[PDB]
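Participant: the data below comprise the sequence and an experimental structure of the protein.
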Amino acid sequence: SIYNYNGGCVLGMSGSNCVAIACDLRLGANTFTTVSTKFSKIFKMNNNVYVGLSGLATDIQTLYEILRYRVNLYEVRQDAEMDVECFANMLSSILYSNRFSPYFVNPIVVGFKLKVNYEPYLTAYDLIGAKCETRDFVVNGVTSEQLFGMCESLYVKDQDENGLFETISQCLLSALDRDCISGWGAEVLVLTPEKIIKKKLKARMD
Amino acid sequence: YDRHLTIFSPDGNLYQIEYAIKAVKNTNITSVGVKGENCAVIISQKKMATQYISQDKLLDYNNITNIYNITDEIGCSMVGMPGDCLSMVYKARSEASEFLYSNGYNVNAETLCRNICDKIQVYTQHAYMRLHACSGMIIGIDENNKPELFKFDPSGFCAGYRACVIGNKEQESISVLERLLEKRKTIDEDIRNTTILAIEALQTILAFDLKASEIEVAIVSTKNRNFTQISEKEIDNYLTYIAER
Amino acid sequence: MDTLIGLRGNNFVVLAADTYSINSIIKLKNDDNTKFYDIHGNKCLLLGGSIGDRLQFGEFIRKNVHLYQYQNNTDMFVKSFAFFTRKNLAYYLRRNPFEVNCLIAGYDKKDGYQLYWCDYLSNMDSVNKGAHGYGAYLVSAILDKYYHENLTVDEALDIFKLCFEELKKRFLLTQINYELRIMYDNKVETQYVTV
Amino acid sequence: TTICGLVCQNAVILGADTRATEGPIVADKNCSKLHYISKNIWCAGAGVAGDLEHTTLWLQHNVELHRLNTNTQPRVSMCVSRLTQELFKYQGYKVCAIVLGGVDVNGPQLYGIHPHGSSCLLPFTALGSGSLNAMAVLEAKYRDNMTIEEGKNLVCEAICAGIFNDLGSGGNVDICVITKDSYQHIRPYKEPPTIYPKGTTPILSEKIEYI
Amino acid sequence: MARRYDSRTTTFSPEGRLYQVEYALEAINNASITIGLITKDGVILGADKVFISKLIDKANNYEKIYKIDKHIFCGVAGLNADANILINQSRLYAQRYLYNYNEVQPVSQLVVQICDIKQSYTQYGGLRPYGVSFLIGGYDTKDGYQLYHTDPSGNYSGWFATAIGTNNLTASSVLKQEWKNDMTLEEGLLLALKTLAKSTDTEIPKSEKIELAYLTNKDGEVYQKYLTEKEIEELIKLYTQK
Amino acid sequence: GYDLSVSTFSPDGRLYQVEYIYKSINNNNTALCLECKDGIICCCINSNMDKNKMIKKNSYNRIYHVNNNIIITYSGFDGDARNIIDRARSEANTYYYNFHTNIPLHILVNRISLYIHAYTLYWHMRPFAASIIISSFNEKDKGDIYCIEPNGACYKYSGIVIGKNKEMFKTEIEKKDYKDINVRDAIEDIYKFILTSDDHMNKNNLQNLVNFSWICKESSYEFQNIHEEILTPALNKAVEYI
Amino acid sequence: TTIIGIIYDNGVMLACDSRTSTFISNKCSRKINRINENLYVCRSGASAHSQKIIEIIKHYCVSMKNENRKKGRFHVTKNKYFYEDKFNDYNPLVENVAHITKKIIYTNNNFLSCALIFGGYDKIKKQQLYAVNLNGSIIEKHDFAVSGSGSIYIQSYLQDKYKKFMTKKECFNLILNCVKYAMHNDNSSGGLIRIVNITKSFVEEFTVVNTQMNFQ
Amino acid sequence: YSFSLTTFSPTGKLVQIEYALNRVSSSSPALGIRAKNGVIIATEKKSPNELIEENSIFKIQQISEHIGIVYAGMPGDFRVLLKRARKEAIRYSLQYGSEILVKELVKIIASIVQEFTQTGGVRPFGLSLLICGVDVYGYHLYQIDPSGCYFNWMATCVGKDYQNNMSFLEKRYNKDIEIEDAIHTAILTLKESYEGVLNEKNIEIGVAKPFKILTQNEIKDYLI
Amino acid sequence: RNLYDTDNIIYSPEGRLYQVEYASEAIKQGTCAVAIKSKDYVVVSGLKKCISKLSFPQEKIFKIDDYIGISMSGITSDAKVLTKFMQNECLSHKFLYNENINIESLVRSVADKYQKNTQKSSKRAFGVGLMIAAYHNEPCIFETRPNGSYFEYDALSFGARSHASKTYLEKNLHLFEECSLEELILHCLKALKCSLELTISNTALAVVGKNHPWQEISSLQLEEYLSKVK
């Protein structure tokens, strides 16, 4: 029920030489009152590392601040960008450090692993840092079941940037149309190794 | 005050370590460790360390002993100031017990020596505590059924040996052990030969005849992994076997 | 029970609240002054909830921001002020929570006029309009209906008059007396509205 | 989850399914449940997702530290002692039901560790929701001395029984054959749409930023 | 008695001086020179490397100039290990300020924090002071471009251009003769090369013993550059053209 | 210079502070323990208090006990020895709390030796200035007597003397084997040895300056101080012999 | 669980079942634990609690044994071991180990729910049985001790058949029949029967396969 | 009772660090060479006196799978810092799941070494460390001093007659050489300063595949 | 001896602790105090220090418990600390149990408190000597010293010019056991007078004994006794 207070959902999907993350923009209050329609749940850690935090908004902000602190210290100490897998393991350790008083958050991490080869990287978490890496898509939030159904039905392997954008946007919008406590706009980021496309969908406001 | 504390002198020396080693040398106790094929032996001189108090005639001479058990299977000899040596025995026992509790299996001789030297390094680095003037030999049998013999000094430097001495004579006792081992080059035969070589090495190093009452001999082997002192009668028989050609 | 209202336009921000001090079933005052906490440098923290928690948290934030501004000899930015307030509210959330609802208003040259809505769980976001209390349920849609980006300050005050009249007409607590902070044109003004 | 372990001659065989579930929903169709602890020690987890992952990482790296310090091959009993002491440090919480399988100088050793901190040396065992289905096959077919291939077949049958009988178990069969000399982790051991038109989604705004 | 071995580092001298602070300053004055200056485009830091041997990896190694944050960078004069300690602490303070306020730290506040740490060792306890002096350059919106100079005492000052380390007086002389208010990035870099040449007693400055870096704000985003030997060689030949 | 701290070795590998403690103990009041055929007998000669005439008769007693079956005495400073004896009683209490049986004598001796030794390690603690005798007797095991030196060394004896004039007492005690002499016959010998050894002691102060205790068959192998009726004929016979 | 100890004329026999946990998680367990060569202990109650108690008391016993060493020189499938410490010079007393176990259980008796039966031999009191109860009370039994769920079913039966000075053979038969009857009546106890006979100079551990035959 | 035993001299020097460096300069020599496909660390010792176990006195030690370390100075200090560095690498792997970057380990151990030059009631470490390794950013050879200063080297020596060995490496070393050439150069540099003939027993070499420590037969095959 | 008297944990080459000896040296500058006893009573007397004409005399004797009192010689602040410690121990024993504290146990605890300050370099010995008078099944006089020792006496005296009092006590010790209370008070006052006239202002005087809690003697009775002594 703590996750129902604000609502919210985050999704990520992979394509060929491209990846995408997306989220709803609602900040709710007491499960039914919408109080903001620009509360983005996606946060840039670096050019190849993005995190989507769904759950309680205070814990979203607190965890984002902690992660920004840790990433900035790592990168200034090493004079290089943090690896996405290193960030994912760090997020697992941070979430597990608060095991008995957890941040009520269900993150996803979306990015590019560098090898120069840019491999898509997606992983989903629970509140205590148990992480599952996936090759196709990741979902978290109160709309997880609808997102799982939409992605299972509509996911197409190795799509280009446009096809990936259309598929992830349709998955997110169809999943959000069946959820009371999430919606009110939809942000979609599409990362390719040269650029990022940020779009705001013409979504329902119910 | 550079020589008073464990801090560097202008030449880079820590003179307190040298003076602790001198304190170990001053006790005039000789101990010798030897390794066999599947056994290890320590022999020690069973005399009171040279200190302020001299040897009283009413002193119980059986109670004198530089050899100690750390566990049932690991044992040691400890030469130096007696209070320091007793403190180091208790430290080694505590380290072995902590290893057994934390890891669920018995520590080996090498890991014990390295933990003890880690403790000794704190004395060598921290100005507020005195170095333990205590040199030690440790023997055991490892999981691979081969004997371990290790030696450490107050500086905190652990080293494994086929044979070693803690005593007043070095580079002559080393030559004696070298000669005996190159001359040497069944489990009962190995045990007997290693015990004989330890006894004869101590006899040659000390340069006088050994009485069985005034030496202590302890042994580990695959035959009996427990670190055990051999009887005075067995030592007397071994001494008799010397000089019978 | 403490109705708070906030409305931000391009050239102003306006905060408003009922002026009632409640103790069980009796109004201690109809001219309460324990809700608004004006900070030096074009900043205001409007607090709801328990009066004691309001006093403790509001004075804590005020004395911390003043200490910052005197130690550094600068005016703290409104964004920094709002996120500092949220951080401190969230720090106490799992250790003796302050059961207070917050509207944080201010003006910067860096970011213009700014309004932040923040609840007792320290869930914060920047908003053009916001409300707190049960009366929020009766005013928010009015703020949704008559708001536009190019409002004048007088039109915003007319919208607040509509909100106050609806709170009188329909809300169970017939709230009649209100105080208002108007931040605009580098001045902070206090107004009192009955009915 | 269905996890199983057995002891064959000079080897341990661990096996697991590849399903992770968010309650009724299958959250991961190809999750990996066999965890590296050392070259000669492996383990599998059947409890709170997080606790198992972080406990396995902690055990693996602490075992590597112990190996570096002492230079000896790690022992399975050391891992058992560390795990049980850590789990008993918390009063039943941090639940981790572990099958820990390794080979050391004492031989091949398989342990079942309970979330409360009780260990049990066993010749075979199974854990998870489909533990009973696997244990049926194991108790029917296990014998004391078996070849590696026979143990692999029996592990596969047990995990398949769990996959097909337990709703919380599914996916592929993972196995790991641990010997003293090395390990063989065979992850894919056994395995029992519309494209939208361009521009169909309406958008309010787009912004292009070059990296 | 251990008080016989206590040197009493935090004890006043008869002249109202901390002897350990003055000896740390003496250590700083014997270190290689670090110069800083402010241009219209942004802040410049330069330094003369200590040549130990030709086998040093000179590819991406900077021992004098360090990044503290995306908008703050610093140049070292004194003991390098103490400097590494204080640089790590400064990075921690910058990110702690970003954690607490969700905005980047003003440069003066970071200088105040690290100098408070330096002053604490002179006032509290019985430990020696840090034997380092920093030239902390940076940019913030409230105060623009900034360059501060710190000391072992925790005293700090603010400069448009200054020098620390060996031959700092002649570097300051050249700076006051040549530095001016409205100056461009290229002009400031050439002046930094000139000052390093004059203070290092060389007619021509050699690129292999020059570290040079600058911070500049463009599009409201702060950008730091640490010049390589190739870019420094380009600037060296440009300096010799003039 | 090397003799100003217990935590410093001198160039010849010696700790001079412990040697000075030995010198302090060798000047203090005499104590001795002697194993006999049926028991152990302990005797403390407080010759230093021959000057002080107004001290209460037999109030000063350096003989103490642990568990009513271990005698513990000392030569040295009273306060330090009381500290050691309190530690011995604490160790006995803790051992019985843990294991529900009394502490073995050798374990107690080892623990007290470690407690004494720990104060010879650090620059800020005064090492204990006291030699401690701890002894016991049993029907099966006969007598066990231990002497713990200020350096932490512990040694087992059939008989031992510490403090002033210990050489003469040892020489006289060594003249005959006491393991085939009963304690009651041994008291006369101890009185004769005191009269021949300590020059301050005489016939008129033997009765009030000497503490006696034993553990033998007559005391049911438990601690007791010798009654005046047993002491008086023994010292009378010693005086008549002398 | 069934755990039984019986003192006979020249030793003490401990015995236990092997069943662990309606579902049987394990059917070959070791409820009798070797603390020292002359000292064993039987567990009953919570498994993790008792096992950590065994590890702690093994650590205590090892420390006590190392400290007990004096300086100088002195003087149906079975598995037999002779004591290394022939004269009982330094092996800890059974009373000492049982009492420190009682102390640890009593100190943590808010949550610990473990009942133990220590059996062993030392030179002072010869063979001994000690029963450490749930809250950390210790009672020395000079005839027999029983604990666990199954033991209740055999109480009177053991009380009928115990003799003061039983031989090895009849004590072995009695303890085996007792565990067999307890397994027959109690669902929580079953599997192979482990027995440990502790004597003056050796310990022998028996394993027994069992069947209950009756035409009552 | 805690005060710094290392203090500034009247001329600004920290004499205790100078004396630790003096102890380093008298100890047995070690070196490292970075090649375009690897990095090696080498050291020598007196010949064993027919009794000491050579395998129990290795100075070259493995920190992690692709990180090794050698030292010149005090052995006990080396064991303590080696244990601490293994702990720190394990801490990094627990945090981020990957092997520790060589630079991060070097910085952490450099700060730890610095802490013993300022914290009260202690002396500086009496050794100089050489840490070699490989990571995604390439091959690294780092020196760490008693002061806590650290240096990124292409090739170096840190003990007895290290000026002479450094001159030898300066003449011999090139930015692009094979691992075999670097090992040959290391062995020649070691035997140049050594008094007498340098046998296989007087050499240890470790090479960074995981970090490998060469066997005696391998060193002898190099010595042909 | 200037090398070895600098810190309290240093033994001299003669095996002496010079700082503890100096703490003992602090005791001889205090004003004289005397204590004697009979079979039934302990009588304590003392000379109160008076530092100028307009001063009042410094208090010399203090009540610890109903049948325990003390006198001090040395640094009075240390004596105050020890006095508070003793009073708290007595009242704590009367609180936990329903009986008077054992005098030997109290004196041993005070001596332990003395000794614990001689062990660490960050502490100094109490520069004060206490004489403790009590009746616990019999009259008893104890003495404590800076080195953590303690002793029991039939008669005691210390302070400035206490040697003459000690000589008088040595001469007259055999009489005190059979003396009555009035004769005992007269003997103690004469022993104090040997150290010097005495006055009601400058003479502290107290009695404890069988069926007689610790009581300072009143000024009129003290005047009568001083008249009888003269």
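Facilitator: Looks like it arrived, so ask away. Numbering: from 1, shown residues only, chains lettered A, B, ... in the order given.
Participant: how about the strands in chain C?
Facilitator: C:4-9, C:12-18, C:21-23, C:26-29, C:36-39, C:43-47, C:102-108, C:112-118, C:124-126, C:129-132, C:177-184, C:187-194 (DSSP state E).
Participant: and the residue of chain F that's closest to chain E?
Facilitator: At 4.9 Å from chain E, residue F:123 is the closest residue in chain F, using Cβ to the nearest Cβ. For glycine as for every other residue, the C-beta is placed from the backbone atoms N, C-alpha and C.
Participant: burial of that residue, as a residue count?
Facilitator: Counted with other Cβ atoms under 10 Å in any protein chain shown, the neighbours of residue F:123 add up to 24.
Participant: out of the strands of chain C, nearest to chain H?
Facilitator: Chain H lies closest to strand C:124-126 among these, at 29.4 Å (Cβ to the nearest Cβ).
Participant: elements contacting that closest one?
Facilitator: Applying 3 or more Cβ pairs under 8 Å, 6 or more residues apart in numbering or on different chains; DSSP states H and E, one finds that strand C:124-126 contacts strand A:33-36, helix A:57-78, helix C:78-91, strand C:112-118.
Participant: and the longest one, anywhere near chain C?
Facilitator: Yes: using Cβ under 8 Å from any Cβ of the partner chain, a contact is recorded between helix A:57-78 and chain C, made by A:57, A:58, A:61, A:62, A:65.
Participant: repeat for the shortest one
Facilitator: Yes: for strand A:33-36 and chain C, the contact criterion (Cβ under 8 Å from any Cβ) is met by A:33, A:35, A:36.
Participant: list the contacts for the residue nearest to the second one when sequence neighbours are not counted?
Facilitator: Right, residue A:35. In space, and not counting its chain neighbours, residue A:35 is closest to residue A:29: 4.8 Å by Cβ to Cβ, 6 or more residues apart in numbering or on different chains. Counting by Cβ atoms under 8 Å, 6 or more residues apart in numbering or on different chains, residue A:29 touches A:5, A:6, A:35, C:119, C:123.
Participant: what is the burial count for the third one?
Facilitator: Around residue A:35 sit 24 other residues, with neighbours defined as other Cβ under 10 Å.
Participant: gap between it and residue C:166?
Facilitator: When distance is defined by Cβ to Cβ, to the nearest Å, residue A:35 is 19 Å away from residue C:166.
Participant: same check on the first one?
Facilitator: Shown here: residue A:5 relative to residue C:166, a distance of 26 Å by Cβ to Cβ.
Participant: beta-bridge partners for the most centrally placed residue in chain I, please?
Facilitator: For chain I, the residue nearest the mean C-alpha position is residue I:131 (2.3 Å; Cα atoms, centre = their mean). Under DSSP bridges, the beta-bridge partners of residue I:131 are residue I:71, residue I:143.
Participant: where do the strands sit along chain F?
Facilitator: Counting by DSSP E, one finds strands in chain F at the ranges F:30-35, F:39-45, F:64-66, F:70-76, F:130-138, F:142-148, F:154-157, F:159-162, F:210-216, F:224-225.
Participant: with chain I instead?
Facilitator: Along chain I, counting by DSSP E, strands occupy I:33-37, I:41-47, I:61-65, I:68-74, I:128-135, I:139-144, I:150-153, I:155-158, I:203-209, I:212-216.
Participant: out of those strands, deepest packed?
Facilitator: strand I:33-37 (a mean of 29; mean count of other Cβ atoms under 10 Å in any protein chain shown).
Participant: just checking, what packs against it?
Facilitator: Strand I:33-37 packs on strand I:41-47, strand I:68-74, strand I:128-135, strand I:139-144, strand I:155-158, helix I:162-176, helix I:181-195, going by 3+ Cβ pairs under 8 Å, 6+ apart.
Participant: in its sheet, what does that strand sit against?
Facilitator: The strands beside strand I:33-37 in its sheet (DSSP bridges) come out as strand I:41-47 (antiparallel), strand I:155-158 (antiparallel).
Participant: quick one: the last one to chain centroid distance?
Facilitator: On the basis of Cα atoms, centre = their mean, to the nearest Å, strand I:155-158 sits 8 Å off its chain's mean C-alpha point.
Participant: now do that strand: everything it contacts.
Facilitator: Contacts for strand I:155-158 (Cβ under 8 Å, 6+ apart): F:54, I:27-28, I:30, I:32-37, I:73, I:129, I:131, I:141, I:143, I:165-166, I:169, I:173, I:176, I:191, I:195.
Participant: make JSON lines out of the strands paired with strand I:33-37 and add distance to residue G:20.
Facilitator: Below are those laid out as JSON lines (distance: least, Cβ to Cβ, whole Å):
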{"stretch": "strand I:41-47", "distance to residue G:20": "74"}
{"stretch": "strand I:155-158", "distance to residue G:20": "75"}
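Participant: can you list the strands that the longest strand seen in chain B pairs with?
Facilitator: Secondary structure of chain B per DSSP E: the longest strand is strand B:134-141. Paired strands of strand B:134-141, with direction, are strand B:75-80 (antiparallel), strand B:147-152 (antiparallel) (DSSP bridges).
Participant: wait, which of these is closest to residue F:73?
Facilitator: Minimum separation from residue F:73 across those (Cβ to Cβ) falls at strand B:75-80, 28.5 Å.
Participant: using PDB, write out the CA atom coordinates for that closest one.
Facilitator: The C-alpha trace of strand B:75-80 is given here as PDB (Å, rounded to 0.1, in the frame of the first residue of the first chain):
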ATOM      1  CA  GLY B  75      53.100 -26.700  19.000                       C
ATOM      2  CA  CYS B  76      55.900 -24.200  19.600                       C
ATOM      3  CA  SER B  77      59.100 -23.400  21.400                       C
ATOM      4  CA  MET B  78      59.400 -19.800  22.700                       C
ATOM      5  CA  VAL B  79      62.800 -18.200  23.700                       C
ATOM      6  CA  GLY B  80      63.200 -14.800  25.300                       C
END
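Participant: show residues contacting it.
Facilitator: Here strand B:75-80 makes contact (Cβ under 8 Å, 6+ apart) with B:23-24, B:27, B:29-31, B:33, B:42, B:44, B:49, B:66-70, B:85, B:88-89, B:92, B:132-140, B:154, B:166-167, B:218, B:220, B:227.
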